[PDB]
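Working notes, structure below.
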Amino acid sequence: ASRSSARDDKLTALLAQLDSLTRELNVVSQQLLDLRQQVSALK
Amino acid sequence: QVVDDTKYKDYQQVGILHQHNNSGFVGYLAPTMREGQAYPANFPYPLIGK
């Protein structure tokens, strides 16, 4: 009877991960700007 | 014009319960009477002025 539900499970799996796999990036854009302020602008 | 997600160094984000601005003479979050003291604000980040 089940014929279409298998594709939706990997759809949600690579949406929750696709994002998480984006929180990793979300907090690197600020992480790299934090390290350069210091040395790039002083003295 | 509101603060973006990526730019500022020390600043990151302000919530709803984490507010500081006319939250001494105003209630909790219900229309309840006074429950707090006078303190400087945090949520509305300014660019207008000095």
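What follows draws every value from the coordinates through simple rules; no lab data is involved. No Cβ is skipped: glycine too gets one built from the backbone with ideal geometry, and neighbour counts run over all protein chains shown.
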Legend entry - Unit charges at the beta carbon, dipole of chain A: most positive-side option, A:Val28, A:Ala41, A:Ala1: A:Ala41
Inset, instruction - For A:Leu32 paired with A:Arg3, estimate the spin-label separation in nm (one decimal), with each label point 7 Å from Cα along the Cα-to-Cβ line. - result: 4.8
Inset, instruction - Consider just the alpha-carbon atoms of chain B and return their Rg together with their Dmax, both in angstrom. - result: 13.3, 38
Legend entry - Cα centre as origin, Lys/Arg/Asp/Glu Cβ charges: chain A dipole, Debye: 120
Legend entry - FRET efficiency, 1/(1 + (r/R0)^6) with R0 30 Å, evaluated for A:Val39 and B:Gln1 via beta carbons: 0.45
